[PDB]
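Only one chain is given next, in structure tokens, and it is the form deposited in one PDB entry.
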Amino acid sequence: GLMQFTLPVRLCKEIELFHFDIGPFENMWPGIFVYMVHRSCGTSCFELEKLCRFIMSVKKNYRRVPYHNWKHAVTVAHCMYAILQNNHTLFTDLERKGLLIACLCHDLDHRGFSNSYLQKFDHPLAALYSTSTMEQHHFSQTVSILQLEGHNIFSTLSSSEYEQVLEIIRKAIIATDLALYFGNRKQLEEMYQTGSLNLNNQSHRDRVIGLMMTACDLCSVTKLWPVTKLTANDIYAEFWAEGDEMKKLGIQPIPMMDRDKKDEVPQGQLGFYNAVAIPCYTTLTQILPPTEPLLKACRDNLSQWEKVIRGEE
């Protein structure tokens, strides 16, 4: 019980910042996650033996794809850590537990293809789960891993606390389906502006946790420019593989996914920042003021893509 994880000095300080990059040393990522659980949640939240076994089974069930990989999982959990740590008193003990675990598991067994490609391919998962197809799959993989002998990190919760955390994780993982973000953010916007927003209303907390999940999921746009720009290569490597597979089904893909239209990337990033990322971090910052550094970093990155278009890089 007296066994802490400690990080080297630079990581001990930088892990607390929203723009932290977890680095290229994969074998330190589990340790980084346990560190974040210990500080976010407590040294008693989980049996270390079970938590380590859970982490390693999760890692094994992420695939070797350019972006939707184990690094993404840990990165998304770090952004949740930073939100939780800057909003100490707003979240219950169950929510802190559930949300880091949800972030770690939110893309389990991703193949690097969108919901839309699965439906056009007529993948068996598109028959089992008609909407949020990959996200319902990620939640299914999460429940499966939790039921492996030795992996039930929630075993010391009471029966009703166990049902609550699995429900926090289900809604948090479904919320990472970007198709659902637009409605959720619009509704949070109206509620914040007419002043009906009420963090004691469960259906409102669910909406706010959804937005936190979108914010954490998109957090590549909130890093320092060199991280954001090199992450974009990984994201587009999957988009363009998907476009290739569309062309194999005899469907011209959208330009976002066509490797023949790489020149259009900078203008496509502008649309994405303006339509998704800025609106996401603006509402998050209106609901949770200490998450403003995410909105500031995002706007810095929009300005860098505007400089790419003006030829200044």
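Definition used throughout: the rigid core is the maximal C-alpha set that superposes within 1.5 Å between two forms. Only residues modelled in both forms are compared. Numbering starts at 1 and follows the sequence shown.
Same protein, other form: the form deposited in another entry, not shown, and the subject of what follows.
- Positional change of residue 56 between the shown form and the other one stays under 2 Å at the C-alpha, relative to the superposed core.
- The rigid-core alignment places the CA of residue 289 less than 2 Å apart between the shown form and the other one.
- The two forms, fitted on the rigid core, differ between the shown form and the other one by 2 Å or more at the CA of residue 251.
- Core-superposed difference between the shown form and the other one: segments of three or more residues with every CA shifted 2 Å or more are 1 to 7, 23 to 27, 248 to 251.
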